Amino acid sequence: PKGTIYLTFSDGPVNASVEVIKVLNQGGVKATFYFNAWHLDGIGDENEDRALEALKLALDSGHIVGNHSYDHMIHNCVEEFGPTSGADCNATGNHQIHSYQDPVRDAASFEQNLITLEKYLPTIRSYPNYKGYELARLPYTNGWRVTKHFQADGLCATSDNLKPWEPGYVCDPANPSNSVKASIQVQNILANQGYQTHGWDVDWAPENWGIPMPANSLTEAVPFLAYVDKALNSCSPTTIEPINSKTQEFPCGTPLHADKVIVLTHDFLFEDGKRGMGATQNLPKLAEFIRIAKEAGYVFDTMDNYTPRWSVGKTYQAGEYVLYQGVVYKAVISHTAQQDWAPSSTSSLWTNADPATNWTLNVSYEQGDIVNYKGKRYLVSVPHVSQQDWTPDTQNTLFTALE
């Protein structure tokens, strides 16, 4: 295959999500949906009376559901969060200003999301394609927590004053805004709950979100495919425009990202309504895109496989990454996987490479790594593979407590 495309749809479930799902199903592809459950509460200020129908359809159809936070951080866009806050924030268009504030509260929005999803669909955990507790994406933010060595932030994603498309807006990736600094801490809190978070390579969107009637300015399928071709193996998160969409320190050439392109789009762009003639204009683009992408030799996959699942009978090279039971691992040596050689906290063939900061077993730590253990921070003074009896509080050769 020329490469793998991951269609990711953010900000559903809304009425428009239904026909989108239908197109994916007619196109013969699975996608990943990053949902905000406030639409199920009917307070997300969209056409959303079919929200639960959409959720069920997405899952019944075998699409992956991931966590996009309960309310898309709209609580940070308003004075007091309530039923009108979505409309209120839509009135101002201030979504990317002060987007993140209290990272603890903001991370909690991800847990609340799951409460709400599991309330409206009490059976959701019986779907293996429900990954709301393993996979996440941050509102506004091309930020990544994939592996211990594959982590990077959207350093201009959100602002403390001006919108990124306004005159006078300035960003200094070396000195990110307060909103971005909070969003980084949110990334880290989720990683410690065992989430992976992913950004994107390309965005099926208007040039910027200041553009009026956004749904009326999506790229056609062919040019969009050209854009995908361009993004393939070209470290697209660093070159992407506009500036607030970049991941400046994305690890170019990282093997996990090779031959892959993650597409971001929004369900709401596929609706005839207040953003333009999205259903009429853009549903066919999506149908055509999927068709011509396959013809070009691309395959489509979902974000639960972005990190390839560990698989018996597969030969791994030392240093290769797999996903196993929601946990990322790294091959200690080149070998062919056997049934009883699975990655674990004691496997000799694998070390844990989750993108977390809490001290964890069977991790290959490097000098300078900082870990959290029983509420204190410790510098890794000597590189080692962690194990149960080498806890940072009692192993002063391996760890030094920070001041």
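Each residue number is its position in the shown sequence, starting from 1.
Two stretches are in play, 62-70 and 363-371, and the higher mean C-alpha B-factor belongs to 363-371. When the two stretches 246-254 and 178-186 are set side by side, the higher mean Cα temperature factor goes to 246-254. Listed residues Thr351, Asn47, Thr32, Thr357 were ranked by CA B-factor as deposited; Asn47 comes out on top. The entry assigns its greatest Cα B factor, within the set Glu118, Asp88, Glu134, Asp203, to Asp88. Per the PDB record, residue ranking by Cα B-factor puts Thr394 in the highest third of the chain. Looking at the C-alpha B-factors along this chain, the one for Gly278 belongs to the middle third. Among the modelled residues of its chain, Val322 has a C-alpha B-factor that falls in the lowest third, as given in the PDB entry. The PDB entry assigns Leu24 a C-alpha temperature factor belonging to the lowest third of its chain's modelled residues. Per the deposited record, the Cα B-factor of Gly168 falls in the highest third when ranked against the other modelled residues of its chain.
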